[PDB]
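> Start counting the first sequence at 6; every next residue gets the next number (PDB author numbering).
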Amino acid sequence: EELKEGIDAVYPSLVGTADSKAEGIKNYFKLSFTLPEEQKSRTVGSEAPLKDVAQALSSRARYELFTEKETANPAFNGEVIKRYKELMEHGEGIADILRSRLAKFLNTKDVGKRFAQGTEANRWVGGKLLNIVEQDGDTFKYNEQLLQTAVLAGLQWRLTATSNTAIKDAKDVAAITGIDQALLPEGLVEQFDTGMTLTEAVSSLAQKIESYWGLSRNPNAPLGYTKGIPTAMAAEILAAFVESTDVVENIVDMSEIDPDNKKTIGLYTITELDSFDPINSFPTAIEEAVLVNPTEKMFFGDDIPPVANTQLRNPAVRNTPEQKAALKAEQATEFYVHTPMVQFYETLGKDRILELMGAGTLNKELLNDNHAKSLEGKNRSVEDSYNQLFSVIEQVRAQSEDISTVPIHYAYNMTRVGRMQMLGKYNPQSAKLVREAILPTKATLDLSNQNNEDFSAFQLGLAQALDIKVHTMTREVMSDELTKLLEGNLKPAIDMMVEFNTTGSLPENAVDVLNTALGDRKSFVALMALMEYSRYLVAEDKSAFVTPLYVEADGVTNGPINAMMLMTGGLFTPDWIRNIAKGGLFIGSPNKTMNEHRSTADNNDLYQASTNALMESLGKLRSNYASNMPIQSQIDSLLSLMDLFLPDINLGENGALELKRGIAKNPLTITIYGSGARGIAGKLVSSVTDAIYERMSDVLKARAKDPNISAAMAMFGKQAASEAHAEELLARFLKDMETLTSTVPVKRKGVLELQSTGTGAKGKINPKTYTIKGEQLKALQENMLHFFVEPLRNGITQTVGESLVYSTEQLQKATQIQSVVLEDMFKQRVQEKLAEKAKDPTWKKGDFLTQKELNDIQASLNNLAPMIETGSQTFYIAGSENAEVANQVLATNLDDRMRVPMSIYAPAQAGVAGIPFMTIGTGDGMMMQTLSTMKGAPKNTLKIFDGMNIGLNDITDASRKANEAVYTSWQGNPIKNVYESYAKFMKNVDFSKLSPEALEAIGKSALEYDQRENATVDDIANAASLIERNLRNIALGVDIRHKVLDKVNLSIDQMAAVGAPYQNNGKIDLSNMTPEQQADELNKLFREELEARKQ
DNA sequence: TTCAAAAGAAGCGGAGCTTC
Ligand SMILES: Nc1ncnc2c1ncn2[C@@H]1O[C@H](COP(=O)(O)OP(=O)(O)OP(=O)(O)O)[C@@H](O)[C@H]1O
Ligand SMILES: Nc1nc2c(ncn2[C@@H]2O[C@H](COP(=O)(O)O)[C@@H](O)[C@H]2O)c(=O)[nH]1
Ligand SMILES: [Mn+2]
Ligand SMILES: [Mn+2]
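#1: By Cβ distance below 7 angstroms, which residues in the same chain neighbour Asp-610 in space, the five residues on each side in sequence not counted?
#2: Just confirm the distance between the C-beta atoms of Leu-394 and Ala-442, as a whole number of angstroms; I'd bet it's less than 8 angstroms.
#3: Do you know offhand how far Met-720's Cα is from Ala-661's?
#4: In three-state terms, what does DSSP make of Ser-761?
#5: Measuring straight from C-alpha to C-alpha, what distance separates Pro-579 and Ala-1003?
#6: Can you look up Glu-75 in the DSSP assignment and give me helix, strand or coil?
#7: Kindly provide the ranges of any alpha helix (DSSP H) runs that are 4 or more residues long and lie completely inside the region 893-964, ordered along the chain.
#8: Is any non-hydrogen atom of ligand 4 found closer than 7 angstroms to the C-beta of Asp-610, if you look at the structure I gave you?
#9: Compute the Euclidean distance between the alpha carbons of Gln-464 and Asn-600, then round it to the nearest angstrom.
#10: Where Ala-313 and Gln-336 are concerned, what is the direct C-alpha to C-alpha distance, given to the nearest angstrom?
#11: Is the Cβ-Cβ distance between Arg-424 and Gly-930 less than 8 angstroms?
#12: Alpha carbon to alpha carbon, how far is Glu-828 from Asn-1035?
#13: Which runs of the beta strand (DSSP E) fall wholly inside the region 141-215 and span at least 3 residues, in chain order?
#14: Could you tell me the distance, in whole angstroms, from the CA atom of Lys-9 to the CA atom of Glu-139?
#15: I'd like the span of the alpha helix (DSSP H) that includes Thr-748, first residue to last.
#16: Given the structure, does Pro-979 come close to ligand 1, in the sense that its CB is under 7 angstroms from one of the ligand's heavy atoms?
#17: Got a list of residues with beta-carbon closer than 7 angstroms to any non-hydrogen atom of ligand 3, in chain order?
#18: Please report how far the alpha carbon of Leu-644 lies from the alpha carbon of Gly-657, in whole angstroms.
#19: Near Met-536, what residues of its chain come up, given a Cβ to Cβ distance below 7 angstroms and the 5 sequence neighbours on each side ignored?
#20: Taking three-plus beta-carbon pairs below 8 angstroms as touching, is the region 80-92 in contact with the region 139-152?
#21: Taking the beta strand (DSSP E) that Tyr-273 falls in, what are its first and last residues?
#22: Excluding the 5 residues preceding and the 5 following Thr-552 in the sequence, name in chain order all residues of the same chain whose CB lies nearer than 6 angstroms to its CB.
#23: Of the residues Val-482, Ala-531 and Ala-736, which one's Cα is nearest the Cα of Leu-495?
#24: If I'm right that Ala-237 touches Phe-81 with Cβ under 8 angstroms, what's the distance once you round it to whole angstroms?
#25: In the DSSP assignment, the alpha helix (DSSP H) including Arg-666 goes from what residue to what residue?
#26: Does the distance between the C-beta of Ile-949 and the nearest non-hydrogen atom of ligand 4 fall short of 7 angstroms?
#27: Checking the sheet assignment: what are the DSSP bridge partners for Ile-1057?
#28: Suppose you measure from the CA of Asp-1044 to the CA of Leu-1050; what does that come to, to the nearest Å?
#29: Under the assumption that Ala-364 contacts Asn-384 (Cβ atoms under 8 angstroms), give the Cβ distance between them as a whole number of angstroms.
#30: What is the DSSP secondary structure of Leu-491, reduced to helix, strand or coil?
#31: I want to know whether the region 41-54 touches the region 165-182 - three or more CB-CB distances under 8 angstroms.
#32: Could you name each continuous beta strand (DSSP E) segment of 3 residues or more that falls completely within the region 657-726, going from the start of the chain to the end?
#33: Sorry if obvious, but does the Cβ on residue 3 come closer than 7 angstroms to a heavy atom of ligand 1?
#34: On the three-pair Cβ rule with 8 angstroms, is the region 885-902 touching the region 226-245?
#35: Would residue 1186 be called buried (16 or more neighbouring beta carbons within 10 Å of its own) or exposed?
#36: Is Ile-1039 near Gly-574, with beta carbons less than 8 angstroms apart?
Okay, here's the thing in structure tokens:
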């Protein structure tokens, strides 16, 4: 332990003594960090990092010598070098701002003078940077090595941070803003997804700063300094970037968005560089210079990414050997630029891509205000994807002469839910624009004979890309549908693309040609199909046509089907057999495919089925209120309004209701995953309000090109067949909007009751400003809830099965109860340790605990089995990072602002997370992991969670392997996995030790509404104990069903399109039998197996 | 309570209560 003398040798002039027991000023930088045994950063020991690194970046020869490497990235050329010269100059500016800010801090309130006199300002939330200063006459100055190294981290962050930010959804923004998710204003989520919160910006900056400092954290130093010092530096750097206008700070006032909300929230946006800035072609030169092992970089050729040791953002969870093997396999795959698509994108140009695939140039006064907001976000996503792709292309272009011959690898990690996620915001897995330009799929096809198998595969790929639902029809029927499309509507587009593949030119009306030809089939993959078909047409050697066009084997209603197979625990029923067949589990039909099923047996998938069940429940609901005209009229008005604006719901002249599967897709999925009905009602209303906002733009538009237009024709012209027929729709819209906002249903002791809101919609419509706000949105939602969502939920249960709903309920309760205990005991053991740290004279409140202390607290919870293990995957449902444990500020900037809360890795309540964790995890998660590692694992694919892109040469075998992987995952038993963990928990939990709030939480899950109130510790214990028995019985049931199923002849085509089902070769033949006969036969096997064990 | 990542700001004082 001469570590102390080692770190002191490197920073001998930092102020204070490196001893926690010392009397005067103590230096918590030297106490917190040690020199690594193996160098991590090349700036350690450098007296002037900015000068030294700038020198390294000044030429290829110097860079190579600095990095001690023979060759540098070819993208590091003349123009790029000049740009880095300028950025290094800017680094000096950031350093200069930081020095002045420090000088100001020291002078204000005589802090520097007081610090010199011995007041421990270096332990204040705003003074932790005083641990990296040095005495300078009558004042203090930054240690230049630590300062300039941090600035280097700031520069790299500035260059690439936006490229690595998380995507924000409604849930995120609702949590950030404290505004109800259903009541979020238009474009608010968009504004927030665009910027970074304080925590978001500072934590990412702090991470980079600490890595560039290249030291190791002392396990026995308080986290208030190990995390606090680099966070304090990051806050100062962020503040300097605001001063320099590299970052824009926007403090969003929630009170203008909701008068009762008092939150004011900072949003930080990095000023984007020019799209044609040479630095975009190689934005990681600093990182690759400073770090011995850079995280941020592209991987070309045989430079292969390392395999992540721990689950993404769950450092307590190691990736299993099987998971690591899968990660390795996916990281081995070579991706290649498809030159024709890049050239097509380039020739169209960003502006026309936006016009075609985004919203083009917005005319802010031909658009409803809310609609305009939505359009901007649309443009944002496309434009960012476009810019990111071409930055990547510019770097690839430097690697060699032929850009299509440069292999590209991508890093992956395993997420909390067991999915293999490609790292990065804009990569082939996550961005559709990029997916069609950089592909691992490649094949050489013989297309000289349109009767070849190769041509059939080619056709399949084209058809799927052109939005023909290829899994619903046989290959032969598909072919005819594709042919008539190509020779019909698409022909003018194909002609244009033939020309492009000849001369390299597009007509000035290219966007109109594509838009008209494609219509609703328009997508990036559709453009690939047009490109590839036209390339085939002009190909000189059709016998050896090279194309990356792919076929996606995609899971049919994957999540719900997986849940039904994995977590249904009872006897077999005929309804389950029919419904599971909708997802590709065929019993007693050797070699049956999904294409055959859909075309000859059952054209309705699981979502359509639930939709038909919804119509039954809606009819049932009407009957119960048959004589109640106000209620009948209220229901009619809701269905009327949805019919006006939604595609998936249509009503006829006689009130005949017709619904499409699309309206049930999301609600069915999230219902299984524990979503409440109110959230679903909010999403449905949002779909409606979006469409009317859009239709309002149409008003503004049609009114512009014709002032004389009637409001009826201005709003419903496009949708009607006549003048008078249009005022009928307008009258409907007005009647519906009035009755749905002025009157709401409420459930009173089981019965539906209509009440006046007193806040009904009144006034002439102003198309530009028109906004459905607060009280009116809530009204629509309450109507949607009781008259649509609630019948839908009934239909959902009837479709997936009451038995599954029961299993998911037991799973949720068990994992929630366990997470509550983990969280509460963690917090208790923290506040215990803090109470004895108060006895320590060396300890100050704000220092918090050491890592070793937190490790010991975490390890103490091990007997409560926080981890769920399957044998090939590990799940940590309660795992999180929250500010609630420490409940204190970690650091501020030197202006007493940018107050970063102290966040700690700790268990938190699971809520309903247990359901999707296990279902996604042991379902599609396990399938993909199996697909990557199984014998004869498909090569050269791109896996996207429940779908897999396959090159045209291998569609048959890869699809059969995918269906085999499905069958393998269906041998899983996630309830048994949860049971094993929960039973260990039950053996060791002490419910009496829990805080009253924790006990209340558990009572919600373990007890009914009635017997909570005054429940004893013992009551809650017995109830938690009952859930264990429930899980045990479910688990045994699931295990039996899977064994019995494996005995029978099965054809599995859940990963559908190609028509290559996996056959399990079960010996018991259940062909020529109805589902009823099959169910009886399976139940005979079930009982017999149940006796094999009761013995 | 769907899941895949969290997440108010700022004066005064030197933590943490307070007000917007
Ligand atoms: N909004 C969501 N919330 C939670 N999980 C989701 C959500 N969307 C998709 N998933 C998960 O990803 C899976 C794949 O989604 P996908 O878009 O392929 O739809 P799907 O449910 O398979 O239906 P289909 O593919 O037949 O249209 C889902 O089954 C579900 O498990
Ligand atoms: N868990 C989860 N997965 C999603 C969600 N949205 C999309 N996905 C996954 O991402 C896929 C979308 O891929 P793409 O739409 O780019 O073709 C879906 O099929 C599904 O696997 C979501 O909200 N939650
Ligand atoms: Mn799917
Ligand atoms: Mn999919």
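The C-beta atom is built at its ideal place from N, Cα and C for all residues, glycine as well.
With the structure as the only source:
#1: If the five residues before and after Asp-610 are omitted, its C-beta is found closer than 7 angstroms to the C-beta atoms of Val-561, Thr-562, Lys-587 and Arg-666, all from its own chain and listed in chain order.
#2: The beta-carbon separation of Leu-394 and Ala-442, rounded to 6 angstroms, stays under the 8 angstroms limit for a contact.
#3: Their backbone Cα atoms lie some 24 angstroms apart in a straight line.
#4: Here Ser-761 sits in strand by DSSP.
#5: Going from the Cα of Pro-579 to the Cα of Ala-1003 covers about 43 angstroms.
#6: It is coil, neither helix nor strand.
#7: Taking only runs of at least 4 residues, the alpha helix (DSSP H) segments lying wholly in the region 893-964 are 919-925 and 931-938.
#8: No, the Cβ of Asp-610 stays beyond 7 angstroms of every heavy atom of ligand 4.
#9: In this model, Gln-464 and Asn-600 are separated by some 15 angstroms (Cα to Cα).
#10: Take the alpha-carbon of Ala-313 and the one of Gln-336: they are about 11 angstroms apart.
#11: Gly-930 is positioned such that its CB atom lies closer than 8 angstroms to that of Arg-424.
#12: For the pair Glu-828 and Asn-1035, the Cα-to-Cα distance works out to about 24 angstroms.
#13: Counting only runs of 3 or more, we get 144-147.
#14: Whole-angstrom Cα-Cα distance: 18 angstroms.
#15: Unbroken run through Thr-748 is the beta strand (DSSP E), 748-753; no alpha helix (DSSP H).
#16: The answer is no for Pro-979.
#17: Qualifying residues, in the order they occur: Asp-559, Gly-560, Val-561, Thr-562, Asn-563, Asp-951 and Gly-952.
#18: Cα to Cα, the separation comes out at about 11 angstroms.
#19: Closer than 7 angstroms at Cβ, skipping near neighbours: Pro-345, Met-346, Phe-349 and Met-502.
#20: Contact annotation: the region 80-92 does not touch the region 139-152, with fewer than three C-beta pairs closer than 8 angstroms.
#21: Here the beta strand (DSSP E) through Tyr-273 covers 269-275.
#22: So the qualifying residues of the chain are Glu-537.
#23: For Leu-495, the closest C-alpha among the options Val-482, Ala-531 and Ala-736 is that of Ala-531.
#24: The C-beta distance from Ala-237 to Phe-81 rounds to 33 angstroms, too long to meet the 8 angstroms contact threshold.
#25: No alpha helix (DSSP H) contains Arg-666, which DSSP labels as neither H nor E.
#26: At least one heavy atom of ligand 4 is nearer than 7 angstroms to the Cβ of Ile-949, so yes.
#27: According to DSSP, which records beta bridges pairwise, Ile-1057 is partnered with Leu-590 and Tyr-1067.
#28: If you take the alpha carbons of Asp-1044 and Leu-1050, they lie about 10 angstroms apart.
#29: With 8 angstroms as the limit, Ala-364 and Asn-384 qualify as a contact, their Cβ atoms being about 5 angstroms apart.
#30: Three-state DSSP puts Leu-491 in a helix.
#31: At 8 angstroms Cβ cutoff, the stretches do not touch.
#32: Taking only runs of at least 3 residues, the beta strand (DSSP E) segments lying wholly in the region 657-726 are 662-664.
#33: In this structure the chain extends from 6 to 1100, so residue 3 is not present and cannot be described.
#34: Yes, since at least three Cβ pairs between the region 885-902 and the region 226-245 fall closer than 8 angstroms, the two stretches touch.
#35: Missing from the structure shown is residue 1186; the chain here goes from 6 to 1100 and no further.
#36: Taking a C-beta distance under 8 angstroms as the contact criterion, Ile-1039 and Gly-574 qualify as a contact pair.
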